[PDB]
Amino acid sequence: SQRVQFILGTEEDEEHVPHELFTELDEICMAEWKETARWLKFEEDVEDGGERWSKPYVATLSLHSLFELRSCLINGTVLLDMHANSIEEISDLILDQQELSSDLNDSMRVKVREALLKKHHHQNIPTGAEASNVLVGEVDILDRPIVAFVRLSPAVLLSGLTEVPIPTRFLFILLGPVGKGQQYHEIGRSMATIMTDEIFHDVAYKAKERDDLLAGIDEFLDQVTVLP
């Protein structure tokens, strides 16, 4: 699994070049999207009712939530080098998966697309940076969670989506039923935090298929130290 790993990091690729990442975590509960955290090697969280950004700190993760993230990449939608130039397009491509629309009602799809297209309220530094939008939260009508990892082919400035006008390269979407909100917050944190890992973040840029990503996670998990 470091076998699978090394083959990826050293593939010939043009435009698939890695950039530095700004990562924003927004959350929803069905109501609008609310920015709750952001990354840039260090993490800051929204607090005191939205009044304030915390001081920057070095993120730590619950192993539990990393496993959940891993499970998400095994069972979820993974769309790489998606050529979409807007959020409508992205959401429809996800929802129109011949498998992912076979888990949802007609009624369930309506609510979810409506959610992905809700406005993003924000709290309101590298040159060639791209953005990664981690969008997680609850939707009342769901009975299953909905997971998607997307990598756009040209990065695209998705209007009003990121707190800073930066082109999006990655999106992670985790939507699920009520009572899963805190779990999703940490899964979201884990996706964001793991993208700050230098080696894993390269894998995400160069991955050609779902298993490549799992090799990335597994290699990460194999190298970290834990605090009892």
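Position 1 is the first residue in the sequence shown; the rest follow in order.
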Quick one: classify how much of the deposited chain lacks coordinates between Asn124 and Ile125, choosing none, 1 to 3, 4 to 9, or 10 or more. 10 or more
Unresolved deposited residues in the interval that joins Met30 and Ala31: 4 to 9
Between 96-104 and 138-146 (mean CA B-factor, as deposited), the higher: 96-104
Per the PDB entry, mean CA B-factor is higher for 7-15 or 212-220, namely for 7-15
Checking the record values for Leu66, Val178, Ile194, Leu171, which has the greatest CA B factor? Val178
Report the option among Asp48, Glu35, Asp202, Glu43 whose CA atom has the maximum B-factor in the deposited record. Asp48
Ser71: CA B-factor among chain residues, third -> lowest
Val110: C-alpha B-factor third of its chain, per the entry, is the highest
Quick one: classify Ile90 as lowest, middle or highest third of the chain based on its Cα B-factor. lowest
Lowest, middle or highest third: where is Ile187 by C-alpha B factor in its chain? lowest
Could you say whether, by C-alpha temperature factor, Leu161 belongs to the lowest, middle or highest third of its chain? middle
